Amino acid sequence: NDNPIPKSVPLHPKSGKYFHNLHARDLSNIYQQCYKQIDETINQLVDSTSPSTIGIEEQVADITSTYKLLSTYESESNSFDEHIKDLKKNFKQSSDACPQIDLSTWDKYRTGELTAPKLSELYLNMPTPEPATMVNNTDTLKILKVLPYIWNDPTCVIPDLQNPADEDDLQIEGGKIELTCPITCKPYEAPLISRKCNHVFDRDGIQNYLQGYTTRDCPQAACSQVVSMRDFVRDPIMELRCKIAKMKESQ
Amino acid sequence: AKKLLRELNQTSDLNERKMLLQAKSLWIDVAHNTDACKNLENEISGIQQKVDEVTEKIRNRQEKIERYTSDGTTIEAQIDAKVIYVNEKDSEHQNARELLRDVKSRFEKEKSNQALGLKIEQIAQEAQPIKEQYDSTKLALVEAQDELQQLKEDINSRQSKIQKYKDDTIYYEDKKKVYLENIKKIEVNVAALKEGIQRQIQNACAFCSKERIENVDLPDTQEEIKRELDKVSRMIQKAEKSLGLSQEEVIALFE
Amino acid sequence: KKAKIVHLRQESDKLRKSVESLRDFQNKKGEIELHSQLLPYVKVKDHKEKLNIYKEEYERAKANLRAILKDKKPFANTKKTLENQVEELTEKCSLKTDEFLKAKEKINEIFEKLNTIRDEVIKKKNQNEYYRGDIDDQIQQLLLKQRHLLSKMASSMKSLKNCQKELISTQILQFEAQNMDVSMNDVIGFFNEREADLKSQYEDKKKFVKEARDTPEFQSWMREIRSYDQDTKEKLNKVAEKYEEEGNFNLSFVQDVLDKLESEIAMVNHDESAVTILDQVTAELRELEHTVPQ
Amino acid sequence: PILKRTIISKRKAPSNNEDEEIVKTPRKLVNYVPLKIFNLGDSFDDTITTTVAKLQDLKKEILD
């Protein structure tokens, strides 16, 4: 109509080159660098504060808020990239479905009787990203949340998975966690915990116990399961507790 | 009856002349059909040459697609190797930066303690090569990271170029299938024209002979031949009305 | 002599047949003159019909050519607008690259500032541990600075996402403009070749129209008019009126004339039978008829 | 005179024999349809005259 500018045209191979070239800017490296920086900053903060100095709760809360915001931003970026991929796939499929203008089809598109997919309209109509199926729970978040209690005292029972109020009703009855193992009278140089056992072991005598047996029962009580050497993973909580205990005794 | 037969011979000279004119008209119709069949054969040959050009275009395009796919597989393996290379270079850069950081912290602590002079001078002299190595490692790492990112973008664009080339080859194959359908329709039309030419040549063999007519000379134009056929038909009608009885009846009566 | 008179009576019918055949030949010559003395009706009608069809084809071709020539200029204007949109796409790509470079440089500078702050905190920790072997105030200030830097990097987070969203957005529109230009060059080239073919067809139609006039048949015309003017009307007008009445009654102008011409040629084919002597045989028959009573 | 003007056709009498449709009607991309079994001619049948020609040659030998 009037000025011959059609709203949209079918995709061309030359246009297809630019469509293939177009991509969302990738921030995965930037997000990984930001996560590494914040994690190392939390690790530095753990021993940065003077042991005599108390009142780190506000700093921990601020860093927790920053980490939650970063996690929300990462989830939104994942939603953005997946939405971009889906929009590109839908646009290419719609362009392939639509016929090609040769002699008069372009005139029909210009008159507006014929419509073709447009990326701008599809992007505007694209649903807003939703932070759904994303859990903001990481080992770094857990250690950041539990470090104030560890700073107050080496032994604490923060997890409330069994009961929201406490480990059992109002009374924890959890005793104390000792840095020095009864089996090996030394600090845990290699604190390793199993995903099933959920118990931290030095692994100096655990390797010897596991030697010659494919699976061995967990020495600690309150659990009945057999785990291999590969099941154990590094536990930062135990090393942080040992470091804070050493700093407090020295000061 | 023999005098009537001599009159039949006089009429039959014109009758055979008309038979030759009609056989010449049928032969020219056969020649028109054959030249049109030759023109259709030239047109189908040109369409087949265009189909061969499309086929060779598809063949080179698919060869380029296969070469591009092989290059893409090799490039994916090499880019995974480059990702490991940049990761190890980043680890070496972190090791170099931490070594520089500790040596610089030691130098700054020694300088703060000074604020030993020979010791700090030698420590700085030994530390400067570590800083130079750190700078060289950082430059190599950033160059490798830039090369990896540009290569990854280029190969992603190339893979998308491969998929669009595959779509273009599918479109070319669809166009070739449409051209083959057109060729099959032209071939069935040529077969129908050839069957018609076979019927016409069988009629020409039944009526005198097609090979015995080409020697005779007559204008090629159909309108002139139709006018001559009408003229000879009128002349035969005048001869028939003068004789009264049909020539076939008179010749049968003579026999 | 009576037997000769009987033979003359037998051949008198043949003489009358030859006389009527000659009269029919004169009528056939008159019918041929009816179209020959005047302009040939079949040829004039065919020429008028072919001129009319050629003129209408020329008119439709010239109207189509004028319409396509008038319509071509908006396509050039749209190509100019699309090239302006391509310059806008180049500015948009340049500004998006500038924003991406600025955002990446800023995030890298923030990461480097965080690294320098971490290095300064590690240096202060080395100073603190050497002192253990003002520091608390400096550590608190550095922790406040690092938390402020973490807040600034969190603020830069999602700002980089907004920069990414603004880079991808308004770039798809420029990509659509590039696609519009890619389609436009192909369609304008197709329209240019189509209009070139239409112009070639229009030139061919003009050549056909020019060939339709100034024909050798037209050269024959204006001479047949002089031939008709040599004898004006009179008997020729009456026979022409009779021929016109026959033509309109037959409801044909080409097939009817050819049929009449073929019929008259066929009639004239059997003509001039024993026509050499007409008066002498009658005179001798009359003389013998007068001699018989004596 | 009157005869010449009646015989002649005014160019204005018809609309220049204008065709149907503003542009030429579209056609199939191949659409060969050769047909053309008969080109003019026809009229008197060939089989009857061919039999007459056969009888004519037989009569020529019979005249011998």
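Header annotation of the entry names cryo-EM as the structure determination method and lists the resolution as 5.97 Å.

Chain B has the name Structural maintenance of chromosomes protein 6 in the PDB entry, where Saccharomyces cerevisiae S288C is given as its organism.

The name the PDB entry assigns to chain A is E3 SUMO-protein ligase MMS21, from the organism Saccharomyces cerevisiae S288C. Its UniProt record gives chain A the following Pathway comment, quoted word for word: "Protein modification; protein sumoylation." What UniProt records for chain A under Subunit is the sentence "Component of the Smc5-Smc6 complex which consists of KRE29, NSE1, NSE2/MMS21, NSE3, NSE4, NSE5, SMC5 and SMC6."

Geometrically, a pair of aromatic rings is defined through the distance of the ring centres and the angle of the planes. The tally for this structure, following the rule as stated, stands at 11 aromatic pairs over all chains. Geometrically, the ring pair formed by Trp106(A) and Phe191(C) is tilted, given 5.7 Å between the ring centres and 40 degrees between the ring planes. Remark: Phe191(C) occurs in helix α5 (residues 171-212) and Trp106(A) occurs in helix α4 (residues 105-111); the pair is interchain, linking two chains. Residue classification places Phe191(C) among the buried residues on the basis of a relative accessible area of 8%. On the numbers, 5.5 Å between centres and 40 degrees between planes, the contact of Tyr41(C) with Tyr243(C) is tilted. Overall, the relative accessible area of 11% leaves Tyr243(C) in the buried class. Each residue in the set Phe19(A), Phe91(A) and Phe175(C) is aromatic and connected to the rest through ring pairs, giving one cluster. Residue placement shows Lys88(A) over the ring face of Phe19(A); its charged tip is 5.2 Å from the ring centre. The ring centre of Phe232(A) lies 4.6 Å from the NZ or CZ of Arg203(A), which sits over that ring.

Let us now look at the interface of chain A and chain C. Facing 52 residues of chain A, the contacting portion of chain C comprises 46 residues. Taken together, the two surfaces of chain A and chain C that pack against each other cover about 4,800 Å², and 71% of this comes from carbon and sulfur. Three residues stand out in chain A for area buried against chain C, namely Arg25(A), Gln37(A) and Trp106(A), and they jointly supply 13% of the buried area on that side. Taken together, chain A and chain C are joined by five salt bridges. Across the pair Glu176(C) and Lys118(A) runs a salt bridge whose closest N-O atoms are separated by 3.5 Å. Seen at the junction of chain A and chain C, the total is 12 residue pairs in polar contact. Mapped onto the side of chain A that touches chain C, the elements with two or more residues apiece are α1 (13-21), α2 (28-48), α3 (57-97), α4 and α5 (119-125) of chain A. Looking at the side of chain A that touches chain C element by element, the count peaks at 13 residues for α3(A). Across the side of chain A that touches chain C, the residue classes tally to 27 nonpolar, 16 polar and nine charged.

So, on to a positive patch on the surface. On the surface, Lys233(C), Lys4(D), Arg5(D), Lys10(D) and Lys12(D) cluster together into a positively charged patch. Considering the arrangement of structural elements, one finds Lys233(C) in the loop between α7 (224-230) and α8 (235-250). The exposure class of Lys233(C) is partly exposed, given its relative accessible area of 41%.

Residue and element names in this part refer to chain A. Space inside the second largest pocket adds up to approximately 1,800 Å³. Lining the second largest pocket are 43 residues, with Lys142, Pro159, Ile193, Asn198 and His199 positioned closest to its centre. Elements represented by at least two residues in the lining of the second largest pocket include exactly α6 (139-152), β1 (192-194), β5 (232-234) and α8 (236-250). It is α6 that contributes the most residues to the lining of the second largest pocket, six residues altogether.

Once that is clear, we can look at the domain arrangement of chain A. Per the domain assignment, the segments of chain A are domain 1 (13-125) and domain 2 (153-250). Once you take the C-alpha centre of each, domain 1 of chain A and domain 2 of chain A turn out to be 40 Å apart.

All names here are of chain A. Tallied over the entire structure, the rule returns zero disulfides over all chains. Take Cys185: it sits in no disulfide, and the sulfur closest to it among the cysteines is that of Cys181, at 7.9 Å. Given a relative accessible area of 66%, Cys185 falls into the exposed group. Its sulfur unpaired, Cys242 is 13 Å from the next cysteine sulfur, which belongs to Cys181.

On to the interface of chain D and chain C, then. A common way to report how large an interface is uses the accessible area buried once the components associate. With 16 residues of chain D at the interface, the matching set in chain C holds 23 residues. Together, the buried faces of chain D and chain C total about 1,900 Å²; carbon and sulfur atoms form 57% of this surface. Summed over the shared surface of chain D and chain C, the number is zero salt bridges. Linking chain D to chain C there are six residue pairs in polar contact. Residues belonging to the side of chain D that touches chain C are distributed by class as follows: eight nonpolar, three polar and five charged.

Further remarks concern the UniProt feature "binding site: Zn(2+)" in chain A. Residues and elements named next belong to chain A. Per the UniProt entry, the sites bearing "binding site: Zn(2+)" are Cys197, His199, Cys218 and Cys223 in this numbering. Of the residues just listed, which span 27 residues, no C-alpha pair is farther apart than 9.5 Å, and they cluster in one region. In the annotated set above, the residues contributing to the lining of the second largest pocket are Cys197 and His199. Its location among the elements puts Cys197 in the loop between β1 and β2 (200-201). Excluding anything up to four places from it in sequence, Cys197 contacts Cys218, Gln225 and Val227. Along the polypeptide, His199 turns up in the loop between β1 and β2.

Turning our eyes to something else, we now look at the environment of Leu240(A). All names here are of chain A. Residue placement: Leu240 occurs in helix α8. Judged by its relative accessible area of 10%, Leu240 is buried. When the C-alpha atoms of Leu240 and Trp151 are compared, they prove to be 9.3 Å apart, with 89 residues separating the residues in sequence. Discounting chain neighbours no more than four positions away, the residues touching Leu240 are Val46 and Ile143.

Let us look at the side chain of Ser183(C). Tracing the sequence through the fold places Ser183(C) in helix α5. Residue class for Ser183(C) comes out buried when judged on its relative accessible area of 2%. Polar side-chain contacts of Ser183(C) include one of 2.7 Å to the backbone oxygen of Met180(C). Residues in contact with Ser183(C), not counting those within four places in the same chain, are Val9(A), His12(A) and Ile101(A).

Cut-offs and rules
- Residues numbered from 1 in each chain as written, not as in the entry; some residues may be left out.
- Chains lettered and ligands numbered in written order.
- Heavy atoms only, no water.
- UniProt positions renumbered as here; feature names shortened; annotations may be inferred.
- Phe/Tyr/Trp six-rings, centres within 6.5 Å; stacked < 30°, edge-to-face > 60°.
- Helix = DSSP H or I, 4+ residues; strand = E, 2+ residues; numbered from the N terminus.
- Buried < 20%, exposed > 50% of the residue type's maximum accessible area, 1.4 Å probe, protein only.
- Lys NZ or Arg CZ within 6 Å of the ring centre and 35° of its normal.
- Contact = heavy atoms within 4.5 Å.
- Buried area = accessible area lost by both parts, 1.4 Å probe.
- Salt bridge = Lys/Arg side-chain N within 4 Å of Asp/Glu carboxyl O.
- Polar contact = N/O pair within 3.5 Å; in protein donor to acceptor, adjacent residues only side chain to side chain.
- Nonpolar A, V, L, I, M, F, W, Y, C, P; charged D, E, K, R; others polar.
- Patch = residues over 30% accessible without salt bridge, like charges linked within 9 Å, V, L, I, M, F, W, Y side chains within 5 Å.
- Areas by Shrake-Rupley, 256 points an atom, 1.4 Å probe, with all protein chains shown as cover.
- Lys, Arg positive; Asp, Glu negative; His and termini not counted.
- Charge placed at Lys NZ, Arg CZ, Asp CG, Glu CD.
- 1 Å grid on protein atoms, 1.4 Å probe; cavity = no way out; pocket = protein on both sides within 12 Å on 5 of 7 lines; lining within 4 Å.
- Points joined across faces, edges and corners; volume = space filled by probe spheres on them.
- Domains from an automatic or database assignment.
- Disulfide = S-S within 2.5 Å.

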